[PDB]
Amino acid sequence: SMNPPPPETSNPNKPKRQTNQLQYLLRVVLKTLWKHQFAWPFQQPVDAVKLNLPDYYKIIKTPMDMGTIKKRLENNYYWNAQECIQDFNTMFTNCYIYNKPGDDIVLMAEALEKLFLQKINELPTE
Ligand SMILES: Cc1cnc(Nc2ccc(C(=O)NC3CCNCC3)c(F)c2)nc1Nc1cc(NS(=O)(=O)C(C)(C)C)cc(C(=O)N[C@@H](CCC(=O)O)C(=O)O)c1
């Protein structure tokens, strides 16, 4: 089947606030993962058509990627920091659902998740 449209990243009707937690999520957490050797397979939605991935968007009905997260942070899409943390965790979980344990993409996701947890350990208080 065709790829779905990407997740929404901006909504002018959503209320906007800046918090220490959201700032840290963009400037520390996202930034660190984005520059990692293994960021690139996660920097945009999975193009399952081009990659010929069987049934990808039947298996993965809550897709998420770091390009979407980055835009959401930049557009003040998130009100609560937990919304952003949940999006990262959805991305990791989705990788572990679709792909065999120990395969290359899974090892890349695990390396990014380890870094994510290191940085989240120092998230500012609410
Ligand atoms: C986030 C994510 C999750 N799950 C997957 N599952 C995949 C993906 C690919 C394959 C694959 O190619 N299997 C071969 C053919 C069938 N038999 C076995 C060998 C696979 F089996 C599973 N992939 C995700 N992300 C992702 C992965 C990859 N490649 S990869 O092999 O996993 C690796 C080199 C190890 C990272 C590429 C991109 C990507 O975005 N590439 C281009 C645009 C697309 C294009 O040009 O075709 C870009 O960078 O823009 C993204």
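In each ligand, atom 1 is the first atom listed, and ligand 1 is the first ligand listed. For reference, positions follow the sequence shown, starting with 1.
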Checklist entry - Can a protein heavy atom be found under 4.0 Å away from atom 11 (C) of ligand 1? => result no

Checklist entry - Would you call the rings of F38 and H36 parallel, tilted or perpendicular if under 30° counts as parallel and over 60° as perpendicular? => result tilted

Checklist entry - Going through the checks in order, is the side chain to side chain contact (heavy atoms under 4.5 Å, CB included) test met by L26 and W34? => result CA-CA 10 Å; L26 178 58; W34 191 267; over 6 Å; no

Checklist entry - Looking only at protein heavy atoms, which one is nearest to atom 41 (N) of ligand 1, and how far off is it? => result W40 CZ3, 3.8 Å

Checklist entry - Any N or O on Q44 sitting closer than 3.5 Å to an N or O of ligand 1? => result yes

Next on the checklist: Can you report which non-hydrogen protein atom sits closest to atom 47 (O) of ligand 1, along with the distance?
Outcome noted: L51 CD2, 3.2 Å

Next on the checklist: Quick test: of every protein heavy atom, which one is nearest to atom 27 (C) of ligand 1, and how far off is it to 0.1 Å?
Outcome noted: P41 CB, 3.8 Å

Checklist outcome for this item: for atom 24 (C) of ligand 1, nearest protein heavy atom and its distance come out as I105 CD1, 3.7 Å

Checklist entry - How does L53 reach ligand 1, by side chain, by backbone, by both or by neither, if only non-hydrogen atoms under 4.0 Å count? => result side chain

Checklist entry - Which residue and non-hydrogen atom of the protein lie closest to atom 43 (C) of ligand 1, and at what distance in Å? => result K50 CE, 4.8 Å

Checklist entry - Does ligand 1 have a heavy atom under 4.0 Å from the side chain of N52, from its backbone, from both, or from neither? => result neither

Checklist entry - Does any N or O atom in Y56 lie less than 3.5 angstrom from one in ligand 1, N or O only? => result no

Item to check | Distance-only polar pair, side chains of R72 and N11, donor-acceptor under 3.5 Å | outcome: no

Item to check | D65 side chain to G67 backbone, donor-acceptor under 3.5 Å | outcome: yes

Item to check | Ligand-residue contact atoms, ligand 1 with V46, heavy atoms, under 4.0 Å | outcome: 1 (C), 2 (C), 24 (C)

